[PDB]
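The chains referred to below are lettered A, B, ... by the order of the sequence lines, with proteins before strands, and numbering in each begins at 1.
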Amino acid sequence: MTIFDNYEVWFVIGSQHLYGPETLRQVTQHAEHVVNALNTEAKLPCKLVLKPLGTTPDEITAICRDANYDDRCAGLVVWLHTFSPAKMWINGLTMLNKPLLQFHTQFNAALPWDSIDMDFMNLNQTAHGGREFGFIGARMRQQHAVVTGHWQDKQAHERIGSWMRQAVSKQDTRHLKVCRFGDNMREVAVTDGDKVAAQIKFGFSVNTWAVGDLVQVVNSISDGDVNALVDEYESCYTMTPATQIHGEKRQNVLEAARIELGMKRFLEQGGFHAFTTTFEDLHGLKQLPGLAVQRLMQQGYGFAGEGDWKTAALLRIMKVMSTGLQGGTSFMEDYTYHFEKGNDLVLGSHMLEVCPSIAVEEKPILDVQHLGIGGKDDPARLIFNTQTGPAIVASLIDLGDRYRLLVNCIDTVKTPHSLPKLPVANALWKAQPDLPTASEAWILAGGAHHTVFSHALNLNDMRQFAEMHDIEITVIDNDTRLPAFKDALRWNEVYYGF
Amino acid sequence: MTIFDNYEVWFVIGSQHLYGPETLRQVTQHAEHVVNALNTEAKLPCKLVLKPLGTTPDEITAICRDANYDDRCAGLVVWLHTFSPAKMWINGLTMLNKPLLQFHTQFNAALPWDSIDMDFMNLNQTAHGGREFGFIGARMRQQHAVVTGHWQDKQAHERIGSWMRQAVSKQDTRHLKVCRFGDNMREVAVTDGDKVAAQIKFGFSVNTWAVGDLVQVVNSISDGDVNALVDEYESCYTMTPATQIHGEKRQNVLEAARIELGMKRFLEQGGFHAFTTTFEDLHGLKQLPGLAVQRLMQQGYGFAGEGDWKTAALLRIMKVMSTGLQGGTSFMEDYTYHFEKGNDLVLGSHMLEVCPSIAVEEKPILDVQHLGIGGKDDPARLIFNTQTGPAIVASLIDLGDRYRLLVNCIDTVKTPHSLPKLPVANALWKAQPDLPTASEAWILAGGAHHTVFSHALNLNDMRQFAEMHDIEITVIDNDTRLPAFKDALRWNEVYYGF
Amino acid sequence: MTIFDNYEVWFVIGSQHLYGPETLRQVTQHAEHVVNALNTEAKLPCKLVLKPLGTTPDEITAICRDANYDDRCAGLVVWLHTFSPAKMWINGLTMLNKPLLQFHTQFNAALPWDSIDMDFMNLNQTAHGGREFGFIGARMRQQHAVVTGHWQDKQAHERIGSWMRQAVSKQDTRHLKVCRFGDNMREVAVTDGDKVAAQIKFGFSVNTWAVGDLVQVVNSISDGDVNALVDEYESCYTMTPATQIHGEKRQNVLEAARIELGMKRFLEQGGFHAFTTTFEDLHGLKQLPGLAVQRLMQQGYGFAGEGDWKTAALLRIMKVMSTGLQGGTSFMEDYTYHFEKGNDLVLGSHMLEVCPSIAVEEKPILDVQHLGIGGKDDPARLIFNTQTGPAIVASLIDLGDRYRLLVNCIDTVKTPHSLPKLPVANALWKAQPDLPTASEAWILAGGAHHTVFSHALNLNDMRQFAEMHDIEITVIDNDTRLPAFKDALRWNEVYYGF
Ligand SMILES: OC[C@@H](O)[C@@H](O)[C@@H](O)CO
Ligand SMILES: OC[C@@H](O)[C@@H](O)[C@@H](O)CO
Ligand SMILES: OC[C@@H](O)[C@@H](O)[C@@H](O)CO
Ligand SMILES: OC[C@@H](O)[C@@H](O)[C@@H](O)CO
Ligand SMILES: [Mn+2]
Ligand SMILES: [Mn+2]
Ligand SMILES: [Mn+2]
């Protein structure tokens, strides 16, 4: 059971009652056959539910009405099997608050040249029926996705499935709750913003609980539960000598477990899906949460450092978005560079909190070392290298009047040498198209230092994400050239500045 | 003594070389005479400094250059004694970061009918010289204030002085720092916003320090200093029996003094000018700051409850703005109503924090009692009635893309019966034009529940404030009618929403 | 020697206090090392001055305050060595009137894989520090240039230096003064415009002096000075028989020298940097200034014919811009075409005034002949061919509501046959991508017939010029295709037409 089992997409057939109380039977039989075949074979993210034929205005209005009400309904995929006059859809589409995709398909794939007749033409007419429907969407300026192809086409399945994924993500995000432990790092701009605007736009909520509230729960955790979690550490991780029994930093490990159990309890009891910390407010805590945050991230929680709620929310969103796909997704920060002709690399990390979902090593190292920042005890953390392959780094920024999604396509590479003195985990990558252009484009477009790294999700996923939420996507990849990149920033500014 | 002594306004004379240098000698003489007479007699908020004549482009550019550099320079008041071709001012006005007012005046009041000749016409030509200058301001869309009248006109003095007041306020606000003790009350919208946008727009800064940081300073205060402050309470205030030496709530008074001294020390050492608290985060504190906050407000600090930084900043701004005026400016909240035909009243207060600067009684009551909200010890507070007369309540709200200043003209009235069971101070007023229309207009325009109350400042002061900062002012007063009020909201929306 | 020695660029280091003051000691050491190495080796247009570290809000505000005041300060190049919270920069950046470039660099080139630790990570973090700064620029919509690369990278030096060039040009242009001798040619549109708008936008001034004023100065010049200048003509130029001592046009040469000396004196005494003439107003002059204008242009003065102040100003700007580059920038006009398959050429000239800075021959011809236009004596001029190689032609036009910079990349070629009957100098070129498309794109975009020709400057220089001044650049080159060219015109129209 995943989150995707809590949702469904409605397969709605468009037609007319003009028509034949057979002829509609025939269309219904096609729809049932198609929907069943897709549910069984297509391997889509969630289940398609065939609804009664939309043949009259009140029927179509009813379906849209029901669609809005049903919390499991993540969207509609519409097949206009016959001509289905678009005025019939207006009242329904006007009220519809769930996303919609037209599957511009057909029954048959080969054209029956020798048998095709008016009867066939009067029943199988998606060719024009789908265009009349396309008009009303474009006329109303509604965000209607469209996928053309035969219903057995596996390329079409992929694209439909990809859209269904975004549909689910949009619903989930409307219930996403962020818990902040303290405010933003002082004097920082990018991590700030308008929480009210975010909730209006995306539907996720951001509210702060005092660090003291958390401390109370952490201090209530039993010694038995703390010891039990430490046993799970030793089975999961490669424990350094200082971390072992009789180690000089053994107590720092127990306390790390205490913080993890307290945070987890607090999060679960509050029904939270993501959270933030701030090293400038850790009163009552023995150490900056490190290990705790990493395992919580791995368990699916969203997170970002120094009160960065936008990225924390984004992490959760993308983690949920990537369900059932191969690869990890993590909080990330651009730490330092390697300048070398033809091999410019970016080293990515954070103070402590890097998610092991992107780790290569079956067993990360668990270590305790000094962290000056925050002025607390030596915190426990997981140290590891990042897996190799294509990835993206994404940043959602608040431009004051609107949001911008920056997405840089990257390629993670293996470290050319060990990092024996680096007490934190690392990601290492080549930024497309190259480091100077990638960094400059990002800086020109105002992208944050905090990002969401992912192997699981790609540029196409984020394009659809940005469309779904009607925000600017700023793309930085192999095709990026600065002059054209700047033109687009300007032309988008006047478009989205409406 | 005051902050106004830390600023000056530059009196700049506009002219040219067409008829000089004995004509220019005459202009300089007029300027010195005028400026001296104004500084001595006019009673303006701060000092006027006469600068060298602006007669060439490089001279005028130099003056503007110097004006930007001098931190004491709050603005320019320009007298165009002769014709002063406006292109000479362009390069200077383009770089100028300080506000500007044209004093459209004349040396002589009466026109010398029997002696007037070309020499006089060449020397005293503000009539047209001031209009050529007006064009360049309007052409560049710069916010140029203008006041017309003879330089000895006391009505003109008032208006010039009123502008100088706003000039000073604008500079001061650029160094205004807000210290938040904890975040916003959870789930609240109007008190939230974009701190980055605020600092870009107004120049004031808002950053959060952990309640724990404050607690450390409060816990460090000497017992001797605590006792000394309690002695000043007894001399200043009417102490209730429970508050006296052998009182059952005597210890709650000492702790209130402890919190005040700790907050004051923290504020002073950080160079802060305003602050906020939140009852949802009081870990380490014995009680919600009440008495402390009230005396700090009286001493000139800005404040608002539940992390409301906009109103806290606004309070400080308006407190500083009202320097030398017959006083009384306070944090305020609309608590409850009195519905009665011909006598609809609004009772204003806050859980604890009402500023005694607006008090009528020379000696407020200093009581201690139960406050459930926050779940802390019974906090000390000052109880008092509010003075009678014309006042305003002001609210600055963040509309997401821009700011709106709401200002409701009111009239405070004496309570028709005492409030013996109300453990907090009170303000009681009639809202112009009437309660239903005043409340509705406010609600329609999204005004906060938190406001800044003032006897000292009026609608005209706030109009100039809103002009100075280029924000919408939404006026609610005796002349307010809802249809026209709504029209203005719409027409301003498209204007300020460029 | 040069104007670039009258300016400097401030190298400002961004940091904070989170880990200091030995970390800050290290940053200061890097900055001093870097700045010294750049000043000595990098060969930048002007000197870099290292300023004290920007670590607090008031420090950064102070630097920006000082930057605006210092007339030698042409701009800031900012290196965010460590994380430097962007709200600290807001108050400073809001007041800043000088251009800014982020040098997104790093002290080390190679990443020390075997030694890298938290200390190194805390000290060398431009990777993220530069992105938090990028946000605030993008958020405020300020024109912040960005260059990424290692500080010893010579490609990065070039780009930084190229930006510094534009920085200097922007300051210089704010003091640029144009002297017009008479008004525009009657009935002409493109050479007209709004001088007030130009001065507001670019800072250069345009004012008209009567031809009579000039005539008075030309008539005052000594016979001795006239003869001395004629001696320098004979040493500099190849004198045609008619131009020699007993030549029939010898007296026309003396008068040409008289006009040159008078114009030069008038220009120098007025502090002018560019000028215009009009053949429709030459009362009191013996001939249309030709030779005089050509040598004045060579000596660095801006010029354009028939009262064309925009191009005259542009010539000066680009001449100053090209200081220290392999030279040749001139006033130019498209005179006639050569239509031939695979060899379409444009012949460029003007009635008299072509700058010998672009000449190939070390000694131009100095002839005298008949010019009907203007109806004056036969004027002296320099005749020469133009050098071979890549060039640009640039035109700044006033669209009424805004400015457009047209830039056509060209390639000058050697004349395939001599021009024995052409009494003026010539430039001959191939217009990219071809003549029909180049001419059509230019005409569609409203480009003037008057242009500034340059070998010294290229498309990249002008792109940065247009960014610096926030105007549309319309590019016509090998990559130009009309459909896409038209799309860009439309999309830019709505952007720049806010
Ligand atoms: O320069 C002064 C000017 O010439 C006279 O005041 C004019 O009358 C103004 O139009
Ligand atoms: O939760 C209630 C709220 O905290 C109080 O009513 C405040 O006085 C509102 O500002
Ligand atoms: O103030 C420094 C800051 O705390 C660190 O560099 C963070 O990692 C930036 O997000
Ligand atoms: O009247 C014609 C015109 O004056 C000449 O052709 C110029 O060379 C055009 O710039
Ligand atoms: Mn971080
Ligand atoms: Mn309140
Ligand atoms: Mn011409």
Original post:
Do other residues, nucleotides or ligands put more than 12 heavy atoms under 6.0 Å from B:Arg174 CZ?
Top reply: yes
**OP:** Sequence neighbours left out, what passes side chain to side chain donor-acceptor pair (under 3.5 Å) with B:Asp213? Give chain and number order.
**Re:** A:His283
**OP:** Could you list which of residues 489-498 of chain B have a heavy atom closer than 4.5 Å to any heavy atom of chain A, in residue-number order?
**Re:** none
Original post:
So which of B:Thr278, B:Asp401, B:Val211, B:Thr208 has the biggest tally of heavy-atom pairs under 4.5 Å with chain A?
Top reply: B:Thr208
**OP:** Sort out for me which of B:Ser205, B:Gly193, B:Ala197 touches chain A most, counting heavy-atom pairs under 4.5 Å.
**Re:** B:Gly193
Subject >> A:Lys177, NZ: over 12 other non-hydrogen atoms inside 6.0 angstrom >> reply: no
**OP:** Mind checking salt bridge (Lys or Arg N to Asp or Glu O under 4.0 Å) for B:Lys264 and listing every partner two or more places apart, or none if nothing turns up?
**Re:** none
Original post:
Side chain, backbone, both or neither: which part of A:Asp194 has a heavy atom under 4.5 Å from chain B?
Top reply: both
Original post:
Around B:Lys170, counting heavy atoms of other residues, nucleotides and ligands shown, do more than 12 lie under 6.0 Å from its NZ?
Top reply: yes
Subject >> Residues in residues 178-189 of chain B near chain A [non-hydrogen atoms, under 4.5 Å] >> reply: B:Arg180, B:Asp183, B:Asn184, B:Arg186, B:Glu187, B:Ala189
